[PDB]
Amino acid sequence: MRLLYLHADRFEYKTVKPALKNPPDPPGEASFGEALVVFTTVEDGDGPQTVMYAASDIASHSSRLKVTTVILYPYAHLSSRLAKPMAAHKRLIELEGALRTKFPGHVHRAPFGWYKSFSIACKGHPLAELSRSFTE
């Protein structure tokens, strides 16, 4: 699993066209104030142990940053060892579930299987942009 952590002042997205023949989530749009935005690429070896490590790390980082909102943003573009779409969706659902057991704020999982527009204002501090790899 490959993650990009962006500490944002604000974040918003809208689904536009479907990117899979049948997207497993309904279309939608949402906008947020200060949040940790976690661009999340699910990779072929990812299982429940991987999900648990990512969830702990996201919780830990969110705590460091004093953020109370996390956005789990499905993202196909951070790796060249992608999990298949079905498996990726399952892991992202597991990741959201796991994160809620570790982090007490708003957890928003954006819809999987869509092209999206988005806007982000990303902070400039030294810990505002980080990437993470998790495996088992």
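In case it trips you up, residue 1 is the first one in the sequence shown, and so on.
*Asks:* If you average the Cα B factors in the entry, which is higher, 23-31 or 73-81?
*Replies:* Mean C-alpha B-factor is greater for 23-31.
*Asks:* From the list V37, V42, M86, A55, select the residue with the highest C-alpha B factor recorded in the entry.
*Replies:* Among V37, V42, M86, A55, the PDB entry lists the largest C-alpha B-factor for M86.
*Asks:* Which third, lowest, middle or highest, does the C-alpha temperature factor of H108 belong to within its own chain?
*Replies:* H108: CA B-factor falls in the lowest third of its chain.
*Asks:* Would you mind checking where the Cα B-factor of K66 ranks among the modelled residues of its chain, as the lowest, middle or highest third?
*Replies:* Highest third of the chain for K66's C-alpha B-factor.
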